[PDB]
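Report on the following structure.
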Protein chains: 2
Amino acid sequence: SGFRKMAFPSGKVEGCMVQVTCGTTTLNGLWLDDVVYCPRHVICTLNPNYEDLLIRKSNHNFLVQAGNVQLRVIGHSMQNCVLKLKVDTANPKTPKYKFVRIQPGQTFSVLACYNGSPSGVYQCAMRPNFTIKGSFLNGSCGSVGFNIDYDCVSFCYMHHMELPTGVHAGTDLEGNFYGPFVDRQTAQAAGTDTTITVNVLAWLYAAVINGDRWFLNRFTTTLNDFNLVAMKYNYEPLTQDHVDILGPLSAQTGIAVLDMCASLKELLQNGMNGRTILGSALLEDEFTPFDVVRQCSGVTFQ
Amino acid sequence: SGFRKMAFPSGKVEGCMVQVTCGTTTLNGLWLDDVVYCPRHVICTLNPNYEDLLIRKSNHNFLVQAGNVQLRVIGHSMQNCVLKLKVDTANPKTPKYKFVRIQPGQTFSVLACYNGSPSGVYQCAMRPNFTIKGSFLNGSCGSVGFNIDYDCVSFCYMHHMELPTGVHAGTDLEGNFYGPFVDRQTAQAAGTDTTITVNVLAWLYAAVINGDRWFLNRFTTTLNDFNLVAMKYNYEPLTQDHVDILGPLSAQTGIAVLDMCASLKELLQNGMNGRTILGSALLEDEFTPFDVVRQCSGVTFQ
Ligand SMILES: *[C@](O)(C(=O)NCC)[C@H](C[C@@H]1CCNC1=O)NC(=O)[C@@H]1[C@@H]2[C@H](CN1C(=O)[C@@H](NC(=O)NC(C)(C)C)C(C)(C)C)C2(C)C
Ligand SMILES: *[C@](O)(C(=O)NCC)[C@H](C[C@@H]1CCNC1=O)NC(=O)[C@@H]1[C@@H]2[C@H](CN1C(=O)[C@@H](NC(=O)NC(C)(C)C)C(C)(C)C)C2(C)C
């Protein structure tokens, strides 16, 4: 038992991290097969026109270091906000992998990197407003977020920028930003965030699986009446699809999803009254139903 | 910016995990050079006498799987509560490494494993009562906790058992339990835990580095008067050694350690009043001064 914010084992991704240097800019790249992926703002020279900027580059302007081994760029292209550098060497540590664009509410592990070297790994959620509350300093651009399914690394995030609120914005691995953000230094605001309701419910189920039951009650609620209270507390609407996803957890604990909603409603209306759930004095919303099941049942990855 | 419970990149340890099977018992082992380390209760047959139990084993009773490759045991010995299996093959992925017995208050990353396969990684502290609040299911015995310094993996923990409170107990990699625990099914109680004061202070400094300042005040306190309030709230005593360790953070933020103690005192006496610090509504104590500096300055590992 116990319940922790668990990241995926990061080794498969560590083997893909490289340093990309061009001009005075150094950041991280992702080396899969013979392509290095990195944020396009690595290129030389607000309101830049990256097409103009890139047509002016030569391959030899791109310094790619994989450890103490320089990789030479034999080609380059831009795909949305990512730059793709063709190199003459296929990464021998390339895992089996996919690129996935995730939905808000979904979680992933971030391998924070500086100068191509991994610094740490932690678990993130994509917020409803398409930011992530990460931990990123200058030099971390190009660090990636990922999930692992059996043996396959699903890359879903690459880091680009920090918003004035101290939260983070980036792209999928095909260079499309999550949310309304653009990779230029112009005024941009995240958007009002909301709490991921289905995830809070998943985490209450984790608490029950783990022996916290104090927040349960005998009441029930209608999805309709629950969502009325949710909106008042800035919670995302709970859909029937969410209820269905919460099915496996509801069945393992014997607590009807709608009964768990009654508990959450009472927790929203009354607060926690100096008590904690799973070591937290806040309602935690960065565990998906899948996260809870994986950690409470012990799924591994080969 | 941002501040997250960050684990070390786990790849160097992932390459060392193996499955050890003996009789009907399967758990994880740690393969470094030509030795596999695992908990000694993997052996056949409360109040067992493991010396008697082990003299009755043969090498061929030990099934060690490294992936889809069986390793054959050519020797075995017991060192405290760990079993050491000599195998005929040196692990080619053996990182540079050390075994370290850590002090309570120190943090480490845990690579949770089942059947030799990594499940996830998360950050833990050794509690003052020498338990860890982990996330461990049946099959996780032999998963290890570690820190990484530059290129060196410092192994500090191997998992053995769960206590009735849902917390965890284990050994260093030389098989010595942390705390008063023994690897037999007899009544054992953890001991009253306390909050790691120097770590809470480190985390308040992380909050300041990151732009939370609301909890600061103009007051100061004496170490003596602080510790009187700490004891009342079940906090560990703060020593002058702790104050010195907090020096670098105090200097970078310009807040005297003893001034930060005044803030903590006021936070203990008044609570947080519905406010949060670094996303938490509790005073967080599983970040060391070193953790804070590493994450707020971007140290990496090659
Ligand atoms: C990233 O480029 C990097 O690490 N590069 C190494 C040289 C860096 C990561 C940032 C730095 C601090 N925390 C992070 O996550 N990203 C950028 O520098 C990014 C690049 C420039 C400006 N960038 C920012 O993140 C800036 N933020 C904004 O300007 N934000 C708004 C106002 C446009 C929304 C800051 C101010 C943090 C440098 C571009 C967006 C292309
Ligand atoms: C570990 O042996 C394992 O994973 N083995 C694979 C077959 C297992 C890990 C435990 C299981 C649940 N959570 C965990 O961390 N450890 C044990 O089974 C351990 C071994 C037996 C009994 N063990 C326990 O952890 C037991 N706890 C106690 O008996 N605790 C007290 C009362 C002695 C303090 C439980 C009840 C959890 C099985 C020995 C201690 C040798």
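The way I read the labels, and the way they are meant: chains A, B, ... in the order of the structure tokens, residue 1 as the first residue of every chain, and ligand 1 as the first ligand shown, with later ones counted on from there.
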Could you list, with a cut-off of 9 Å and counting only C-alpha atoms, the residues of chain B near chain A, each shown with its nearest atom pair and the distance in Å rounded to one decimal, rows sorted by chain and ascending number, as CSV?
```
residue,atom,partner,partner_atom,distance
B:1,CA,A:136,CA,5.5
B:2,CA,A:135,CA,4.3
B:3,CA,A:135,CA,5.2
B:4,CA,A:135,CA,5.9
B:5,CA,A:122,CA,6.6
B:6,CA,A:122,CA,5.1
B:7,CA,A:121,CA,5.2
B:8,CA,A:120,CA,4.6
B:9,CA,A:120,CA,5.1
B:10,CA,A:10,CA,5.7
B:11,CA,A:11,CA,3.6
B:12,CA,A:11,CA,7.2
B:13,CA,A:11,CA,8.6
B:14,CA,A:11,CA,6.9
B:15,CA,A:11,CA,8.4
B:67,CA,A:302,CA,8.1
B:111,CA,A:9,CA,7.4
B:112,CA,A:9,CA,8.9
B:113,CA,A:300,CA,7.2
B:114,CA,A:300,CA,6.6
B:115,CA,A:300,CA,8.5
B:117,CA,A:300,CA,5.8
B:118,CA,A:300,CA,5.8
B:119,CA,A:300,CA,4.3
B:120,CA,A:8,CA,4.6
B:121,CA,A:7,CA,5.2
B:122,CA,A:6,CA,5.1
B:123,CA,A:6,CA,8.4
B:133,CA,A:2,CA,6.8
B:134,CA,A:2,CA,5.7
B:135,CA,A:2,CA,4.3
B:136,CA,A:1,CA,5.5
B:137,CA,A:1,CA,5.7
B:138,CA,A:298,CA,8.7
B:139,CA,A:298,CA,8.7
B:140,CA,A:298,CA,8.8
B:162,CA,A:1,CA,8.0
B:166,CA,A:1,CA,6.0
B:167,CA,A:2,CA,7.1
B:168,CA,A:2,CA,8.8
B:210,CA,A:166,CA,8.2
B:211,CA,A:166,CA,8.8
B:279,CA,A:282,CA,8.8
B:280,CA,A:282,CA,7.1
B:281,CA,A:281,CA,5.4
B:282,CA,A:281,CA,6.2
B:294,CA,A:119,CA,8.7
B:295,CA,A:135,CA,7.9
B:296,CA,A:137,CA,7.7
B:297,CA,A:137,CA,7.7
B:298,CA,A:119,CA,6.8
B:299,CA,A:119,CA,6.2
B:300,CA,A:119,CA,4.3
B:301,CA,A:117,CA,6.1
B:302,CA,A:117,CA,6.0
```
**Item:** Test item, alpha helix (DSSP H) assignment across stretch 21-205 of chain B, answer as JSON, numbers by chain
**Value:** {"B": [50, 51, 52, 53, 54, 55, 197, 198, 199, 200, 201, 202, 203, 204, 205]}
Emit the selected residues as a PDB file, in the first residue's frame, including N, CA, C and O atoms.
```
ATOM      1  N   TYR B  50      17.509 -17.761   9.610  1.00  0.00           N
ATOM      2  CA  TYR B  50      17.983 -17.712   8.237  1.00  0.00           C
ATOM      3  C   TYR B  50      19.328 -18.396   8.054  1.00  0.00           C
ATOM      4  O   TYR B  50      19.603 -18.895   6.965  1.00  0.00           O
ATOM      5  N   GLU B  51      20.186 -18.413   9.077  1.00  0.00           N
ATOM      6  CA  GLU B  51      21.433 -19.169   8.959  1.00  0.00           C
ATOM      7  C   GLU B  51      21.146 -20.654   8.728  1.00  0.00           C
ATOM      8  O   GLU B  51      21.702 -21.268   7.809  1.00  0.00           O
ATOM      9  N   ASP B  52      20.278 -21.243   9.556  1.00  0.00           N
ATOM     10  CA  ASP B  52      19.818 -22.612   9.329  1.00  0.00           C
ATOM     11  C   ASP B  52      19.153 -22.761   7.975  1.00  0.00           C
ATOM     12  O   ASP B  52      19.342 -23.773   7.286  1.00  0.00           O
ATOM     13  N   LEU B  53      18.331 -21.784   7.596  1.00  0.00           N
ATOM     14  CA  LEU B  53      17.588 -21.900   6.355  1.00  0.00           C
ATOM     15  C   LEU B  53      18.528 -21.865   5.161  1.00  0.00           C
ATOM     16  O   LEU B  53      18.306 -22.555   4.158  1.00  0.00           O
ATOM     17  N   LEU B  54      19.586 -21.070   5.252  1.00  0.00           N
ATOM     18  CA  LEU B  54      20.436 -20.859   4.094  1.00  0.00           C
ATOM     19  C   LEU B  54      21.425 -21.997   3.905  1.00  0.00           C
ATOM     20  O   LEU B  54      21.772 -22.317   2.765  1.00  0.00           O
ATOM     21  N   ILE B  55      21.891 -22.599   5.004  1.00  0.00           N
ATOM     22  CA  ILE B  55      22.826 -23.717   4.932  1.00  0.00           C
ATOM     23  C   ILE B  55      22.182 -24.869   4.167  1.00  0.00           C
ATOM     24  O   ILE B  55      22.879 -25.700   3.578  1.00  0.00           O
ATOM     25  N   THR B 197      12.258  19.297  10.619  1.00  0.00           N
ATOM     26  CA  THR B 197      12.242  20.760  10.672  1.00  0.00           C
ATOM     27  C   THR B 197      13.163  21.404   9.643  1.00  0.00           C
ATOM     28  O   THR B 197      12.767  22.352   8.949  1.00  0.00           O
ATOM     29  N   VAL B 198      14.410  20.952   9.555  1.00  0.00           N
ATOM     30  CA  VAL B 198      15.321  21.616   8.630  1.00  0.00           C
ATOM     31  C   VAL B 198      14.803  21.517   7.195  1.00  0.00           C
ATOM     32  O   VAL B 198      15.025  22.422   6.375  1.00  0.00           O
ATOM     33  N   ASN B 199      14.098  20.432   6.872  1.00  0.00           N
ATOM     34  CA  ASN B 199      13.565  20.279   5.524  1.00  0.00           C
ATOM     35  C   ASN B 199      12.396  21.230   5.265  1.00  0.00           C
ATOM     36  O   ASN B 199      12.244  21.740   4.144  1.00  0.00           O
ATOM     37  N   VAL B 200      11.514  21.403   6.245  1.00  0.00           N
ATOM     38  CA  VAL B 200      10.428  22.367   6.087  1.00  0.00           C
ATOM     39  C   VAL B 200      11.005  23.738   5.802  1.00  0.00           C
ATOM     40  O   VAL B 200      10.517  24.468   4.929  1.00  0.00           O
ATOM     41  N   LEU B 201      12.054  24.108   6.535  1.00  0.00           N
ATOM     42  CA  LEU B 201      12.697  25.393   6.295  1.00  0.00           C
ATOM     43  C   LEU B 201      13.283  25.460   4.895  1.00  0.00           C
ATOM     44  O   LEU B 201      13.134  26.473   4.204  1.00  0.00           O
ATOM     45  N   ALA B 202      13.937  24.380   4.444  1.00  0.00           N
ATOM     46  CA  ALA B 202      14.458  24.368   3.082  1.00  0.00           C
ATOM     47  C   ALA B 202      13.352  24.666   2.086  1.00  0.00           C
ATOM     48  O   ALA B 202      13.554  25.408   1.121  1.00  0.00           O
ATOM     49  N   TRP B 203      12.179  24.081   2.307  1.00  0.00           N
ATOM     50  CA  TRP B 203      11.074  24.198   1.367  1.00  0.00           C
ATOM     51  C   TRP B 203      10.455  25.587   1.411  1.00  0.00           C
ATOM     52  O   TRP B 203      10.024  26.103   0.378  1.00  0.00           O
ATOM     53  N   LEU B 204      10.419  26.212   2.589  1.00  0.00           N
ATOM     54  CA  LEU B 204      10.035  27.625   2.641  1.00  0.00           C
ATOM     55  C   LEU B 204      10.996  28.487   1.834  1.00  0.00           C
ATOM     56  O   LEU B 204      10.564  29.408   1.133  1.00  0.00           O
ATOM     57  N   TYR B 205      12.301  28.196   1.899  1.00  0.00           N
ATOM     58  CA  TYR B 205      13.247  28.890   1.026  1.00  0.00           C
ATOM     59  C   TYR B 205      12.952  28.614  -0.445  1.00  0.00           C
ATOM     60  O   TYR B 205      13.055  29.523  -1.280  1.00  0.00           O
TER      61      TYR B 205
END
```
**Request:** Work out how far atom CA of residue B:164 is from atom 37 (C, counted along the ligand's line) of ligand 2, in Å to one decimal.
**Result:**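 Going from atom 37 (C, counted along the ligand's line) of ligand 2 over to atom CA of residue B:164 covers 7.3 Å.
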